[PDB]
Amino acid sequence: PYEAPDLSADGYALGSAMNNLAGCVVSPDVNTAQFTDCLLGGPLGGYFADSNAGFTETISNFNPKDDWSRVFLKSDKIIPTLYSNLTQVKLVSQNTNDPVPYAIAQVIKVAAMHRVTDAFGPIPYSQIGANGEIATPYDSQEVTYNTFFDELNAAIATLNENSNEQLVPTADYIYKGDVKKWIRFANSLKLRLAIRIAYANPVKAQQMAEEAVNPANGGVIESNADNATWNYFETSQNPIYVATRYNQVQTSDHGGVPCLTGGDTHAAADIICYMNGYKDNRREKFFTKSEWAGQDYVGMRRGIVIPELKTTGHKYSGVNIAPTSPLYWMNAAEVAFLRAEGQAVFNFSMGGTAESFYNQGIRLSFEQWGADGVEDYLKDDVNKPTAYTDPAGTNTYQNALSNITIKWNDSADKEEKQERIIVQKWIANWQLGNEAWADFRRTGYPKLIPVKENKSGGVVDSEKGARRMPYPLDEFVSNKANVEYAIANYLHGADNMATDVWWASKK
């Protein structure tokens, strides 16, 4: 039946706030998402390559300007937006005697903020102000992670208790206000963060992980239908799409044929080397074809002298994404691969065999992307990642990136089991650069092509890569005593890109 507008229902005020919160994970603001996800996460995670020759100072070359590296902490579109809206939702939940919106808001808060600590290490968190003021004492990263678990646990408790209630759908382009899906996502995120800390605090990691997958707490994401995917662009412009297409070559400058590969960002060589080697049917779903003769898929190397787009850059495979594409937060495949690693590498009780979880992860990913042939792929014990023959001949890498094969081997050593899991988890997490970067730092997988053009002045290792972002210069201006205290006490290393964050403590 026809329903009149009612700006007054508010209802309306709530919707604005909840949608604003969701925008704090991956920003709908193009320039913000460009920094956090196209220029930081994508390249550092082995997915994307910078492809504007004018970008002479980059994160991927390890000489970023403050204005590139700082964004997660300094963008008013992130922390101030998150906290201001949190404050409003908390008040709505109180006023309406309905705890559901604030509970979901707390899940979104962790989804947004773990990305921030994962980038810098110690950050302001527990003491952040009502309006997202970060001119406060820092938490150690360990304390931050502890707080994340507490917040998720509280949210999960509230949602479970209100499992029959709902959020108005117009307030939620992830799950349309479905409380049970939010519970699954919250537990899934809890699992992500548990495996993150598996080296740093194995006791806590095991406890959190086993709680996450325990039916008594409402379960994890086990189906693509339940992916944490932000479908907020059906009537506008996906920011990764816009940002990757910035400066794309015009048809009239491309022989009268459109160029489909994008502009400022292309697909990375690394992921394409693996997927080409593996004859992976997901390729056509992830990437645009290259314009290089006889090669359907070839990525641009990360950490090079970036070529001119107009001459050669435009020929490399691009990111296969549309204006109406959603933004991913977390998928079912990742949950399966977390359980696989939990069991195989850390001997956690994940609810099934590691082999079963690994295979299911791959099946979930093929299903997610509509790719056929998963059953033959799963059993492939022959095909290996390729080396990187640059069609331009400038940036060739002579070595196969790894010799790791797809088929599960239950008699493999832990190190090999971990590599296999992370390689497939990484493929499945295409576009979630920040997550890939975190996993690479924690595990050392996948093995990537080392940086060639390392602009760090010897500070950053070409293989180990960027371990973190340096602290924003403004911290030393507006928050000096507090950032200095964090450097001295919580960072456990110099304030530069070579220092590992706390959870990155694998032997």
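Quick note: we count residues from 1 along the sequence shown, nothing fancier.
_Mean CA temperature factor from the deposited coordinates, higher in 270-278 or in 159-167?_
Mean CA B-factor is higher for 159-167.
Decide which of the stretches 372-380 and 70-78 has the higher mean C-alpha B-factor, going by the entry. Per the PDB entry, the higher value belongs to 372-380.
Comparing recorded Cα B-factors across 331, 402, 141, 424, which one is largest? That would be 402.
Highest recorded C-alpha temperature factor, please, choosing from 250, 365, 106, 356.
So the option with the highest C-alpha B-factor is 250.
| message | Using the temperature factors of the C-alpha atoms in this entry, rank residue 455 within its chain: lowest, middle or highest third. | response | Ranked within chain, residue 455 CA B lands in the middle tercile.
Ranked against its chain, the third holding the CA B-factor of residue 490
Its C-alpha B-factor, which the entry lists for residue 490, ranks in the lowest third among residues of this chain.
Using the B-factors in the PDB entry, rank residue 241's C-alpha atom against the chain and give the third, lowest, middle or highest. Its C-alpha B-factor belongs to the middle third of this chain's values.
Check: In terms of the chain's CA B-factor thirds, is residue 48 lowest, middle or highest?
Finding: Lowest third of the chain for residue 48's C-alpha B-factor.
Lowest, middle or highest third - CA B-factor, residue 308:
Its C-alpha B-factor belongs to the highest third of this chain's values.
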